[PDB]
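Colleague: here is the input, now give the coordinates:
(2 chains, ligands or ions: 2)
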Amino acid sequence: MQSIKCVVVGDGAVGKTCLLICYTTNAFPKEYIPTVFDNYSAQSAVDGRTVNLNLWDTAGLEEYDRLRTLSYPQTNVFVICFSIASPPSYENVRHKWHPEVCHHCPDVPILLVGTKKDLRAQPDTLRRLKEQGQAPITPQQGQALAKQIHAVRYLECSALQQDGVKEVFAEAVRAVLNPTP
Amino acid sequence: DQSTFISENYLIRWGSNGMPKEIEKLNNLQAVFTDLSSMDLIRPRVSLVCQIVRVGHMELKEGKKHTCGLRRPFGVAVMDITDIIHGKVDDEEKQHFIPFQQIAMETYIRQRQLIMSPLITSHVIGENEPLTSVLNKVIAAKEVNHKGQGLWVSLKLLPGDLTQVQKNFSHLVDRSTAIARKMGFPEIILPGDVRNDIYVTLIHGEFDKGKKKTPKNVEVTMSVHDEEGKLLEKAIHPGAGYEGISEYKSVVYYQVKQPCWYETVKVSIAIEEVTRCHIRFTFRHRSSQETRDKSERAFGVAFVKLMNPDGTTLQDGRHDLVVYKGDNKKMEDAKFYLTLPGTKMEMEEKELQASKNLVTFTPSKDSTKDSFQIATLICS
Ligand SMILES: Nc1nc2c(ncn2[C@@H]2O[C@H](COP(=O)(O)OP(=O)(O)OP(=O)(O)O)[C@@H](O)[C@H]2O)c(=O)[nH]1
Ligand SMILES: [Mg+2]
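Modeller: Numbers count the residues shown, from 1 in each chain, chains lettered A, B, ... in the order given. Ligands and ions are numbered 1, 2, ... in the order given. Have a look at this structure:
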């Protein structure tokens, strides 16, 4: 048994806790989860190797940043969840999320997760974002984030469809088990 | 339910950037569909059907320009409004997004993986499909793979004619507001309902491929003249909510055997003068070259009139049109083609009167195996 502190970071209303509750507890949170932060534990396998995950559901608020930055130490992989429905969450990942996780953990591997890849094609999300003057995060856009901020991989998840959830966290683990070059 | 058109094509100029080519109307992007009546309230399925015909060049293909302003197919948008013609959905608020379907240009994802046994051949139909078939397909289906690619409309039904609405509810509709009438006649004809809306519906047109193995890129560009080959401006109204044009342009079905248009244009001329005029057509091969786009002549040309020479205006219904070729000095001379046959029906009656009275009647084969179709609706 080998544990990885995978502090899942990411904005509010973008899908950290949705991805986690779909992962650790296997449920899609109906409403925006009021998050301070949590501790979970599951049993997952990574490319044929089973691993232990002691996980952290940190807050996306600007308020309890001191507590979330207390969570960043001991972290071995940073899961940054930003809404594809809200690419301003992608911009926040570019400005604060990745920079703060790196200021608290330099060179500690970071997974990049595009939450709600199922909405890149859903009419409501596209129409809302076009009315907001932005487009849902294309895999090239998240991949540009990943190359720019040295994310080990840019994944996408849809907690509504349970898409990529276990895949997201196995990749988070193998960001550490197999360090990316 | 009647498989046919109802209201005239409300016409919006749209910009190159997915934007209103006329931004001044961005608030007044409005149409009021007239004449709605008992059958109209009980018409089982009526749908406001929007299309975009991409003005500019032939294709968004990098390497070649095209003569700017080339009306090219780009798809259809449809929803039935029978619920709302019942009046149920009653809000000025409801800005209905309209999921638009571009005719199926699916050549991006299905091509990257076909390996280890290639035995498949096909043509290019991403727009070449008949607009009849696109129409009926969007009729039967119930989803659009638009992915946001659609347009927003706020809709309601208002009782009263142009007047009553424009008085009790002119807040929605000013005198600069665009108007589209349901194409036809009412259940109540007031003596003096003086209209002149001649909706010319382009149903299709057959054209043989010719010398070039590409079916010559038909652009029926028809000009309305007097009885002396004098073109007149605005005579062909392309669509509702916008003023007419001197000469009308057809969608250049890119190398298509039997293009199907479904287009409609209003005609409205001085009702006393319209009697003694005519029209002429041009069928050019529109190749991918600008200089060749202009230098190519209308390999086929055609010309039609307004009244039957007895004085009766051309009757409603479908009236076929031959694509005539060769010497168009025969067919562009102020009056000489008016002496000449110009459409199917008058040609076969000329051949019949030759059969009974053979007076030097040898039809020219330039009246060749290309033709054209128009159905006339005349709300004068
Ligand atoms: N449709 C859809 N919505 C999602 C998905 N994931 C998250 N959401 C939405 O995001 C909202 C908030 O969930 P999270 O993204 O987990 O919130 P968070 O990232 O944990 O941020 P905090 O809880 O504030 O710390 C939910 O109410 C969902 O509506 C998804 O995969 N699909
Ligand atoms: Mg959270």
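Colleague: drop to CA atoms for contacts and neighbour counts, all remaining ones
Modeller: Noted.
Colleague: could you measure from the closest residue to chain A within the stretch 201-350 of chain B over to ligand 2?
Modeller: For the stretch 201-350 of chain B and chain A, the shortest gap (CA to the nearest CA) falls at residue B:241, measuring 26.0 Å. The gap separating residue B:241 from ligand 2 is 51 Å, by CA to the ion, to the nearest Å.
Colleague: in space, what's closest to that residue - neighbours in sequence excluded?
Modeller: Sequence neighbours aside, residue B:178 is the residue nearest to residue B:241 in space, at 4.2 Å (criterion: CA to CA, 6 or more residues apart in numbering or on different chains).
Colleague: residue contacts, the one you found?
Modeller: If you count contacts by CA atoms under 8 Å, 6 or more residues apart in numbering or on different chains, residue B:178 has them with B:10, B:28, B:29, B:30, B:31, B:32, B:240, B:241, B:242.
Colleague: contacts only, for the single nearest residue of chain A relative to ligand 1.
Modeller: Evaluated by CA to the nearest ligand atom, chain A has residue A:15 as its residue closest to ligand 1, separated by 1.7 Å. The contact partners of residue A:15, taken as CA under 8 Å, 6+ apart, are A:81, A:82, A:83, A:115, A:116, A:159.
Colleague: turn those residues into a markdown table, columns for neighbour count.
Modeller: As requested, the contacts of residue A:15 are exported to a markdown table (neighbours: other CA atoms under 10 Å in any protein chain shown):
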| residue | neighbour count |
| --- | --- |
| A:81 | 32 |
| A:82 | 32 |
| A:83 | 27 |
| A:115 | 31 |
| A:116 | 29 |
| A:159 | 26 |
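Colleague: farthest pair within these?
Modeller: Using CA to CA, the two most remote members of the contacts of residue A:15 are A:82 and A:159, lying 12.3 Å apart.
Colleague: any common contacting residues for those two?
Modeller: Looking at what touches both residue A:82 and residue A:159 (by CA under 8 Å, 6+ apart), the common residues are A:15, A:115.
Colleague: of the contacts of residue B:178, buried ones?
Modeller: Those of these that meet the buried threshold are B:10, B:29, B:30, B:31, B:32, B:240, B:241, B:242, by 16 or more other CA atoms under 10 Å in any protein chain shown.
Colleague: now, the most widely separated pair of those residues?
Modeller: The distance between the two most remote of the buried ones among the contacts of residue B:178 (CA to CA) is 13.3 Å, for B:32 and B:242.
Colleague: which bits of chain A sit near ligand 2?
Modeller: Taking CA under 5 Å from the ion as the criterion, chain A approaches ligand 2 at residues A:16, A:17, A:59.
Colleague: hey, where'd the strands end up in the stretch 201-350 of chain B?
Modeller: For the stretch 201-350 of chain B, applying DSSP state E, counting those that start in this stretch gives strands covering B:218-226, B:236-237, B:247-249, B:263-267, B:277-285, B:300-305, B:317-325.
Colleague: so which of the contacts of residue A:15 sit within strands?
Modeller: Using DSSP state E, the members of the contacts of residue A:15 that fall within strands are A:81, A:82, A:83, A:115.
Colleague: what does chain A have sitting close to ligand 1?
Modeller: Proximity of chain A to ligand 1 is assessed by CA under 6 Å from any ligand atom, with A:10-18, A:29-35, A:58-60, A:115-116, A:158-160 identified as the residues in range.
Colleague: who's the residue in the stretch 151-300 of chain B positioned nearest to ligand 2 bridged to?
Modeller: Shortest the stretch 151-300 of chain B-to-ligand 2 distance, computed as CA to the ion: residue-wise this is residue B:152, at 34.3 Å. For residue B:152, the beta-bridge assignment (DSSP bridges) gives partners residue B:97.
Colleague: count of neighbours near it?
Modeller: The number of residues packed near residue B:152 is 12, by other CA atoms under 10 Å in any protein chain shown.
Colleague: that one: what's it in contact with?
Modeller: Residue B:152 sits in contact with B:95, B:96, B:97, B:98, where contact means CA under 8 Å, 6+ apart.
Colleague: ok, and the most crowded of the residues you listed?
Modeller: Highest neighbour count within the contacts of residue B:152, by other CA under 10 Å: residue B:98, with 20 neighbours.
Colleague: would you check that that residue makes contact with residue B:146?
Modeller: No: using CA atoms under 8 Å, residue B:98 is not in contact with residue B:146; the gap is 9.2 Å.
Colleague: helices of the chain, start to end?
Modeller: Since no chain was named, I'll use chain A. A:16-23, A:65-71, A:87-92, A:98-104, A:123-131, A:139-148, A:165-177 (DSSP state H).
Colleague: chain B is the one I meant
Modeller: B:38-41, B:82-85, B:131-140, B:162-168, B:290-295, B:336-339, B:344-356.
Colleague: mind checking which of these is nearest ligand 1?
Modeller: Nearest of the helices of chain B to ligand 1, taken as CA to the nearest ligand atom: helix B:131-140 at 27.9 Å.
Colleague: between that closest one and strand B:263-267, how many degrees?
Modeller: For helix B:131-140 and strand B:263-267, the angle between their directions (axes from the mean of the first three to the mean of the last three CA atoms, to 10 degrees) works out to 110 degrees.
Colleague: who does helix B:131-140 touch, helix- and strand-wise?
Modeller: With contacts defined as 3 or more CA pairs under 8 Å, 6 or more residues apart in numbering or on different chains; DSSP states H and E, helix B:131-140 has these neighbours: strand B:72-80.
Colleague: give the buried residues for the strand it packs on.
Modeller: Judged by neighbour count using 16+ other CA under 10 Å, the buried positions of strand B:72-80 are B:72, B:73, B:74, B:75, B:76, B:77, B:78, B:79.
Colleague: kindly report the same for stretch B:187-197.
Modeller: Taking 16+ other CA under 10 Å as the basis for neighbour counts, the residues of stretch B:187-197 that come out buried are residue B:197.
Colleague: so how far is residue B:104 from the residue nearest the centre of chain B?
Modeller: The residue at the geometric middle of chain B, judged as the C-alpha nearest the mean C-alpha position with CA atoms, centre = their mean, is residue B:263 (1.8 Å). For residue B:263, the distance to residue B:104 equals 20 Å [CA to CA, to the nearest Å].
Colleague: next one: residue B:2
Modeller: According to CA to CA, residue B:2 stands 26 Å off from residue B:104.
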